[PDB]
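# Reading the structure
Okay, here's what each chain looks like letter by letter:
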Amino acid sequence: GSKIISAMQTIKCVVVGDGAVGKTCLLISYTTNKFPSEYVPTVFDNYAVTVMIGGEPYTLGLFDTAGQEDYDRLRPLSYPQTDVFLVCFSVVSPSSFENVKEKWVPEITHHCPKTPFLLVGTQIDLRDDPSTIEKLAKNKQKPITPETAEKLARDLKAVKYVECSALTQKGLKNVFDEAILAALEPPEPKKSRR
């Protein structure tokens, strides 16, 4: 019975995998909607901002691999929290979204198979640019197909599968509505009688 609508349930997202090695831009836009086109690691990072689905605020605390001199304990005390799982999907690489299955599912659902599973297409701003080509250029270009992505999201049945470059926003408000809907899970006392 969550309190009335709204309220920053706080959504700590655990991004797993790299996907076209371009997940940075996502976190950037996840907070500044301005990926590396005009963003770079020149200041302290790691934080949660508050977004808005339809007028409700939901913080998103992004958490990637380790990388802290402080050396946190093997078991963080964030157990009692959200901790969603943003499986970075790769539509700008050759079936890169599939290595995701190989180690990302064993890192998110085999690890925390609670519900928050969001398959998000990454670096989609280069899916149409040669930018993501050097990333692989094995195929001199190769974006995920409609039989590729659904192919593995069908294998994990995440919370939801989409595509949206960090800065593009063709579905970030959706992955963000999901990432939050995956870490804020609203009550289900809906009213029937259509």
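Anyway, here's the lowdown on the structure attached to this text. (Residues numbered from 1 in each chain as written, not as in the entry; some residues may be left out. Heavy atoms only, no water.)

## Structural notes on the overall build of the protein chain
Each helix and strand counted, the protein chain has 5 helices and 6 strands in total. Going from N to C terminus, the protein chain has its helices and strands arranged as β-α-β-β-β-α-β-α-α-β-α. A compact globule built from 194 residues should have a C-alpha radius of gyration of about 16 Å, and the protein chain, at 17 Å, falls within 12% of that. Referenced to the eigenvectors of the C-alpha coordinate spread, the extents of the protein chain come out at roughly 50 × 50 × 35 Å. Within the structure as shown, the protein chain displays about 12100 Å² of accessible surface, and the carbon and sulfur contribution to it stands at 52%. Charge centroids of the protein chain, computed over 24 positive and 24 negative side chains, lie 7 Å from each other. (Helix = DSSP H or I, 4+ residues; strand = E, 2+ residues; numbered from the N terminus. Rg over C-alpha atoms; globule rule 2.2 N^0.38 Å. Areas by Shrake-Rupley, 256 points an atom, 1.4 Å probe, with all protein chains shown as cover. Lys, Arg positive; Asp, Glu negative; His and termini not counted. Charge placed at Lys NZ, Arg CZ, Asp CG, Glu CD.)

## Points about the sheet that holds strand β4 (residues 84-90)
Strand order across the open sheet formed by 6 strands is β2-β3-β1-β4-β5-β6, with mixed pairing between neighbours. Pairing within the sheet leaves two strands with one partner each, and these edge strands are β2 (48-52) and β6 (160-163). Neighbour-to-neighbour, the strand axes of this sheet turn through a mean angle of 30°, independent of strand direction. Both strand β1 (residues 11-16) and strand β3 (residues 57-63) contribute to a ladder of 4 bridges, which runs parallel. (Pairing = 2+ DSSP bridges. Axes fitted to C-alpha atoms, helices over the stretch in contact; angles between N-to-C directions.)

## Some remarks on the pairing of β4
The element β4 is largely enclosed, with a buried count of 7 among its 7 residues. Here β4 shows no split at all, with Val84, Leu86, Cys88 and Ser90 on one side and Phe85, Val87 and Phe89 on the other all buried. Of the pairings in the sheet, the one linking β4 to strand β5 (residues 117-122) comprises 6 bridges and is parallel in character. The residue of β5 that forms the bridge with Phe85 is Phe117. With helix α2 (residues 96-108) bridging β4 and its parallel neighbour β5, the resulting β-α-β unit is right-handed. (Buried < 20%, exposed > 50% of the residue type's maximum accessible area, 1.4 Å probe, protein only. Right-handed = clockwise from strand over helix to strand, strands pointing away.)

## Quick look at helix α5 (residues 172-183)
Taking 1.5 Å of rise per residue, the 12 residues of α5 would be expected to cover 16 Å, and the 15 Å separating its terminal C-alpha atoms lies within 8% of that figure. Buried within α5 are the following residues: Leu172, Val175, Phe176, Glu178, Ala179, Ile180, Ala182 and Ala183. (Expected span 1.5 Å × (residues − 1).)

## A few points about empty space enclosed by the protein
Tallied over the entire structure, the rule returns 1 cavity of 30 Å³ or more. Put simply, the largest cavity is a space of about 40 Å³. Lining the largest cavity we find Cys13, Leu26, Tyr30, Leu60, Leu62, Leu86, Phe176 and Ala179. Residue composition of the lining of the largest cavity, grouped by class: 8 nonpolar, no polar and no charged. (1 Å grid on protein atoms, 1.4 Å probe; cavity = no way out; pocket = protein on both sides within 12 Å on 5 of 7 lines; lining within 4 Å. Points joined across faces, edges and corners; volume = space filled by probe spheres on them. Nonpolar A, V, L, I, M, F, W, Y, C, P; charged D, E, K, R; others polar.)

## Some thoughts on the packing of aromatic side chains
Throughout the structure, instances matching the rule amount to 4 aromatic pairs. Consider the rings of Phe89 and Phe97, whose centres lie 4.8 Å apart with planes at 45°: the pair is tilted. The residues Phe89 and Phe97 share a single accessibility class, namely buried. Taken together through their ring pairs, the aromatic side chains of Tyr30, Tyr47 and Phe176 make up a single cluster. (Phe/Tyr/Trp six-rings, centres within 6.5 Å; stacked < 30°, edge-to-face > 60°.)

## Considering the environment of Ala48
If you trace the backbone, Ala48 turns up in strand β2. Overall, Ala48 belongs to the partly exposed group, its relative accessible area being 32%. For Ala48 and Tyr161, which are 113 residues apart along the polypeptide, the C-alpha to C-alpha distance reads 22 Å. Once residues lying within four places of it in the same chain are set aside, the contact partners of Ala48 are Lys12, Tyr30, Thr59, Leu60 and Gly61. (Contact = heavy atoms within 4.5 Å.)

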